[PDB]
Amino acid sequence: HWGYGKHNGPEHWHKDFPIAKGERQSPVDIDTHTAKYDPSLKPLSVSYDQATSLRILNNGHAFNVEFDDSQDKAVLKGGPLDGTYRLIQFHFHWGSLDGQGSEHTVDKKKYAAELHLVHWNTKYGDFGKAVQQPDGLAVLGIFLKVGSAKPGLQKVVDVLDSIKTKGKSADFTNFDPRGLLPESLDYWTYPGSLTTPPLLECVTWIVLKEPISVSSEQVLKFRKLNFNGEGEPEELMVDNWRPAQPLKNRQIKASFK
Ligand SMILES: [Co+2]
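Counting from 4, one number per residue, gives the positions in the sequence shown under full-length UniProt numbering.
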């Protein structure tokens, strides 16, 4: 099936998913010298106080921390968005080396990892309907660099041993995603896609300018996860990132001067 390996990686995905060569694919390189400030934009509103995390799952590609999205508990509004977008899950993309791992790049810079907080537009009723719409999803992307530890990440790191292999899950209640955010909510935004198959062009991307720092120990534990299932030869879960795709007929807008 699709993956990040030697014979099924991003360069092959177009055979099964021809939209991989589409007009609004993600990620992209963010050129800070061509993105333009848009005074029409508003501040982001991140309302995560009532978030209800449920479970963490190794899906064979990354791990998802899943939320109750059956009410407006953890929502994203404002910015470029019209309406209300509910948090369904977050996950990360990361490298085998600290010099790669992010999906978006900034002036061609790769970060060590990238956090995706995935939200769907409540006007479409559920996630599966939302991904069929151009304005179905809002993904808040946050870069990770290696430096100091991120205290709010540690609960995630310490459950990883329990979900080492594909298809394992564990209870993951009472996790506060606010502990993953940087100080600033300044952002870039553009229209794009899911970065994994089916690569649907349903995402308003909101990529924060300020990275968070995680420690070398935290990243090393991410790199101990496995793509494989239990009882199969070990394939470390690293380098689960798609490279930058052509911008084509899009503009990246900044919320900040
Ligand atoms: Co992602």
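Don't be surprised by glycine CBs; every beta carbon is placed ideally from N, CA and C.
Taking residue i and residue j to be in contact with their CB atoms under 8 Å, please state how far apart those CB atoms are, rounded to whole angstroms.
i    : j    : result
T35  : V142 : Incorrect: roughly 20 Å between the Cβ atoms, too far for contact.
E117 : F95  : 7 Å
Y190 : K212 : 6 Å
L120 : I215 : Incorrect: roughly 12 Å between the Cβ atoms, too far for contact.
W97  : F230 : Not confirmed; about 13 Å, so no contact.
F175 : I91  : About 14 Å separates the two Cβ atoms, so there is no contact after all.
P246 : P13  : 6 Å
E26  : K251 : 5 Å
Candidates the options: which alpha carbon is nearest residue i's?
i    : options                : result
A65  : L90, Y127, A23, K171   : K171
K260 : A133, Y40, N67         : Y40
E238 : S99, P30, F130         : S99
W123 : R58, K132, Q254        : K132
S73  : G63, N61, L60, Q53     : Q53
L163 : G8, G6, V68            : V68
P185 : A173, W208, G155, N231 : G155
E233 : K18, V210, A115, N61   : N61
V217 : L228, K158, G150, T168 : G150
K111 : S165, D32, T87, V134   : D32
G63  : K169, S50, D179        : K169
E220 : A247, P236, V160       : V160
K167 : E204, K251, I145, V241 : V241
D75  : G128, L44, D19, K113   : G128
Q136 : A173, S165, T199, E204 : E204
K45  : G81, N177, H4          : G81
Less than 9 Å between the beta carbons of residue i and residue j, yes or no?
i    : j    : result
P201 : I22  : yes
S29  : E106 : yes
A38  : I255 : yes
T207 : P83  : yes
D138 : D101 : no
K9   : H17  : no
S258 : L47  : yes
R181 : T125 : no
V49  : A115 : no
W244 : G104 : yes
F70  : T55  : yes
Length at least 3, wholly inside the segment 161-222: the beta strand (DSSP E) runs in chain order = Every unbroken stretch of the beta strand (DSSP E) spanning 3 or more residues and falling wholly within the segment 161-222 is given here in chain order: 172-174, 190-195, 206-211, 215-217.
key: Ordered list of beta strand (DSSP E) runs contained in the segment 82-107, each at least 3 residues   = Entirely contained in the segment 82-107, the beta strand (DSSP E) runs reaching 3 residues are, in chain order, 88-97.
task = Pull every residue with its beta-carbon under 6 Å away from any heavy atom of ligand 1, and keep them in chain order.
result = Every residue passing the under-6 Å Cβ criterion appears here: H94, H96, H119, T198.
request  = Can you check the segment 104-156 for any alpha helix (DSSP H) of at least 4 residues that lies completely inside it and give the ranges in chain order?
outcome  = Scanning the segment 104-156 for uninterrupted alpha helix (DSSP H) segments of 4 residues or longer gives 130-133, listed from N- to C-terminal end.
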